[PDB]
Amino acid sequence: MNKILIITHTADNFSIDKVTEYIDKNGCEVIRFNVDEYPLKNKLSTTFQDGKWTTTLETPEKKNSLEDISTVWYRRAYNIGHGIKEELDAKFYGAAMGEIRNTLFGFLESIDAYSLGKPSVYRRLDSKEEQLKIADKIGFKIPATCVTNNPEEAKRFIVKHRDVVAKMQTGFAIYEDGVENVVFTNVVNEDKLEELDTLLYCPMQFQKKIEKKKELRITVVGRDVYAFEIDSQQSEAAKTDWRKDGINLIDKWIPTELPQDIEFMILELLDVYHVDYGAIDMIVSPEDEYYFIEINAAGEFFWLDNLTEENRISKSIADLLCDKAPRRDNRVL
């Protein structure tokens, strides 16, 4: 009876499958709004008539009304308006896509039922600087960081910390010389130090390189914490032991358990943001100190959910969406 709106795209049908199964068992209905099919293949309408609001969604599969949904789960959209480019003249394309995106994001904002994801929240989480500042305030250890377009500032930072990686806040890729080239986080060496003057045209995020003893991915669904680790140290050690030949669990994340202080601070980070989903990246140095790297509000979880027993993260998300788990209530009034 209880209806749960889920925003996805057509290519993602796999991680949502187990969540939908567990919601079905929980006794709620799932309404799938595939976002790439808007506005071409779906039709959405919100109306205010005679003092009443009504929102209806027409799909190739079903026709539903949405003004009475119990919750919404907005998985961040990256491709809306598929096919509009071929249908509309060039002079109208930018404005039409702007209006489409604004109408849809505005509907998603207007939902006053409990929301797991919203456009303004995702936009707030795009600020990696605020992530680092908040994590430092909570008590997380974070790497030395310099976000800058100042060549002299970056050079001073690099000569000070002596082992610096450089990353963009938004990636880049290009097909050239017969092959795809992607930008990766890499150390600033003597060769790249020559091109530091070009920083004037676009900033970069420099960070002290944390030596990896462990790498951690932490998926948080409400107050459910799932930690996974890659033990680089023990992997490299096993590569010397002949008894470990052919056993390459070294490249696979294994479930692990966090120190209770780290988990407390993770839950506090989600409390400060007032969101019920998070994907946190951490690095454990050789000195066994935990470094926060970033939190992704839209991070994928299926690859690690398949490493749990019968998709525990999907069950967590389903219980959260059906109001069968403690929530950070974000209903609008």
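A residue's number is simply how far along the shown sequence it sits, counting from 1.
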Checklist entry - 11 to 19 versus 311 to 319: which one carries the higher mean Cα B factor per the record? => result 11 to 19
Checklist outcome for this item: Entry B factor averaged over C-alpha atoms, 54 to 62 against 262 to 270: higher for 54 to 62
Checklist outcome for this item: Highest CA B factor of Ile174, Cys202, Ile210, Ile138, as deposited, is found at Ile174
Item to check | Within-chain third of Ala279 by Cα B-factor, per the entry | outcome: lowest
Next on the checklist: Using only modelled residues of the chain, where does the Cα B factor of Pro255 rank: lowest third, middle third or highest third?
Outcome noted: middle
Checklist entry - In terms of the CA temperature factor given in the entry, to which third of its chain does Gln49 belong: lowest, middle or highest? => result highest
Item to check | Among modelled residues of the same chain, the CA temperature factor third for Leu196 | outcome: highest
Checklist entry - If you rank every modelled residue in this chain by C-alpha B factor, which third holds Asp36: lowest, middle or highest? => result middle
